[PDB]
Structure formats: C-alpha cells, structure tokens
C-alpha cells in the first residue's frame, strides 16, 4: 500500500465507532505499523485488543492533561521505534454543560480551560514531545469540526478550542516545516461516536447534513480514514498546514432553504 514501512502512532481510539479506529483501519490496509494510546487503566484491555486487531502489541498510556504522561509516552515509544513517521491527534473533551444549551450558560473559566487544554493545546504538545524522534518527512494529523469556522448549535465552547486547534496546525507546520514535516487537519462531518453523545442535538445535525450536503449523505469513519491515511502518506508530500473537509461537501453550502 501507499504507507508501506511507515510507523504511525494513533491516539483517541476508544471504540469501533471512533474516528481513530477508521483511520487505523485504513493505515493498516496501506501498509503501516501502528501503535496506540489510551487514557485510564480499565481501557488497557480493550485497546490492547484493538492493537492486536491491527497486528500491534505497542500500546501506551497517555492522559494529555499530565505533562508527565506525555513525555513518558515518547520515551517508551523510542525503545520500540527508532523513529516516528506519523502521529494522529484524535482527542477531544469538554465538560458536558459547556457543550449543551446556550454558549454562555455553560461558560465558566474552568470549562474553558479544560476544553482548550485537552482539545487544542495537547496537539502541539504531543508534537513538541515527539520532535526528537520524528522522521524527516513525518506527517502529523488532527481532527477538527466545521464548528470552528461557523457557529453551530450546541457546539459552543468546543468551537473556540477547535479554532485554536486549526490555528496551531498552521503554526506547527511552519515550526516543523523546515525539517520537512507536514501538519494537517481533517474537518470531519458528523459521525455517531462516543464523544458525539455529549452534543445535545447531535441527531438534528446528522439529518440536516444528510439532507443538505451536496452528496446527500453523511460521512463514515472509512471515508475519514482514507482521507487521513492519504495525508499521513507521501502521496500528500505537497500538502501541509491544510484543513481538509471530509463532510460530504456540507461546509460549502447554505442548506435548509
């Protein structure tokens, strides 16, 4: 495949519905070697089995809230991999009151801090910690949502963070770019995942996108996965600092009328 011999580290794999699972599925198909992260202990078993499904024994704990676990992630990884060809940042979090109802009702300094700490900052943080072992033509990838560009109901505080996230894509790309490293994001359309359940009217978003997107259909983790594998590969060696929409074209229209 077009990722032969590339070693890629995936975060955010939580279930077989997770976006990170779809990307994983595609990277494996195209010849990648995979390593995974998890947060919390009880999940050690499930992720090790996910890793086993993809022919990997390489699983590491990493709660991006802790500086210690981040540094420790790549110290451990260096003992297995001399270098890293790809990193996928598929992580997001917000206190549910901060992603439900009115934007201001759930706005607190503490909810703001956490959403940005976990959903935005953690990406260049992981980039910084991996830099000592990144290959010369490595590729970093994160996941964003249209909610950064425009105000979407219920997304609220999470839209602020993703705007910061998409900005870090551009700044990371400049910083790591001279070395030949690429940094991009996929702005995925709505997909039913564990995190999605935290969004109050998620079901309303799904039907609307299915109805109004140019392709008249929602996206799948297979579609996001192929797009991700592409950006992680040398096929996209001319592409960096990009926010690519894989949302059946929804971002480019005004639907509902």
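The term rigid core refers to the maximal set of C-alpha atoms that superpose within 1.5 Å between the two forms. Numbering follows the first chain given and starts at 1.
Trainee: Do you reckon 185-193 or 206-214 strays further from the shown form in 8 other deposited structures of this protein, measuring C-alpha RMS after a core fit?
Mentor: Higher average C-alpha offset in 8 other deposited structures of this protein goes to 185-193.
Trainee: Do you reckon 197-205 or 46-54 strays further from the shown form in 8 other deposited structures of this protein, measuring C-alpha RMS after a core fit?
Mentor: Higher root mean square deviation of C-alphas in 8 other deposited structures of this protein is shown by 197-205.
Trainee: Once you work out the mean C-alpha B-factor for both 40-48 and 25-33 from the entry, which is higher?
Mentor: Averaged over C-alpha atoms, the B-factors run higher in 40-48.
Trainee: Would you determine, from the values in the PDB entry, which of 89-97 and 162-170 has the greater average C-alpha temperature factor?
Mentor: Per the PDB record, 89-97.
Trainee: Per the entry's Cα B factor values, which of 120, 148, 185, 77 stands out as the maximum?
Mentor: 77 has the highest C-alpha B-factor of those listed.
Trainee: With respect to C-alpha B-factor, does residue 72 fall in the lowest, middle or highest third of the chain as deposited?
Mentor: Its C-alpha B-factor belongs to the highest third of this chain's values.
Trainee: Ranked by Cα temperature factor within the chain, is residue 140 in the lowest third, the middle third or the highest third?
Mentor: According to the entry, residue 140 has a C-alpha B-factor in the chain's lowest third.
Trainee: Tell me, lowest, middle or highest third: where does the Cα B factor of residue 232 rank within its chain?
Mentor: Its C-alpha B-factor, which the entry lists for residue 232, ranks in the lowest third among residues of this chain.
Trainee: Would the CA B-factor of residue 15 place it in the lowest, middle or highest third of its chain?
Mentor: Top third by C-alpha B-factor.
Trainee: Mind checking which third residue 56 falls in for C-alpha B-factor across the chain?
Mentor: According to the entry, residue 56 has a C-alpha B-factor in the chain's highest third.
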